[PDB]
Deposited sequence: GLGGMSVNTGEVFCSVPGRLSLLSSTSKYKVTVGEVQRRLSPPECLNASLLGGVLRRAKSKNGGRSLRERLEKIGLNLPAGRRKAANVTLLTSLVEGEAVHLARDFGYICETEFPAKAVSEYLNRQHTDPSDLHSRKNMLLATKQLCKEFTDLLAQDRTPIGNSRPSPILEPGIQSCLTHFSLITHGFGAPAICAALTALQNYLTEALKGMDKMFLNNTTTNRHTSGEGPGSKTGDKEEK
């Protein structure tokens, strides 16, 4: 089984701009057919946005077996996504959290709810603790080396933890771990703004 090879190209479900299709590799098609999802011919046909013909299902089965693959789980909106588009969606969400999440207004509002000056050393220490533990957590997700798109990198994480992050990448088509890092960026920017804000209170 040659997994670097391109199976097909798929227009995006979330494109507003006439200007790309995403490449889907044999590796990706094999990730969809294997556990934990074990997609069938009908669902794989929708992911690949194939025209649902009566020929189409035998045609796809023929295309699959020629390259050494053959044919349930809870289907979500994420199940519809090719890995290219899942990764792109996570990247846009990441960009929006960094640039548009009102981390400053949120810190001003939540700091003002803890304006007892005895509760000030306490809050500074809890903010610093939260920042640290969130970094450890996003550092682990950045060490994820699950195969996605054309990449099949070598693991740095121990096999056990890697296989648990691999399970969560497979059920989310690669959206999960980067969407969580996107959300923890908004939390980290709030904590940073809350610390700057605490230090203005201290005066």
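Annotation: deposited residues 1-6, 26, 79-84, 217-240 are not represented by C-alpha coordinates in the model.
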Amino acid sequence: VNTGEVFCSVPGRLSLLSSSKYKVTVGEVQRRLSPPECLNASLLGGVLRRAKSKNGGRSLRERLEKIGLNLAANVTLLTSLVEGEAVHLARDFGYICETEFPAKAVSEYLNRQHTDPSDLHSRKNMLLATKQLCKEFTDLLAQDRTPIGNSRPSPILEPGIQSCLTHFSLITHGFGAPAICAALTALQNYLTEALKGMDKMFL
From here on, numbers count along this sequence of modelled residues.
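Comparing 32-40 with 50-58, the stretch with the higher mean C-alpha B-factor in the PDB entry is 50-58. Comparing 126-134 with 110-118, the stretch with the higher mean C-alpha B-factor in the PDB entry is 110-118.
If you compare the C-alpha temperature factors of 66, 145, 173, 167 in the entry, 66 comes out highest.
Per the PDB record, 73 has a higher Cα B-factor than any other of 73, 97, 90, 82. Residue 149: CA B factor lies in the middle third for its chain, per the PDB record.
Among the modelled residues of its chain, residue 16 has a C-alpha B-factor that falls in the highest third, as given in the PDB entry. Among the modelled residues of the chain, residue 189 sits in the lowest third by CA temperature factor in this PDB entry.
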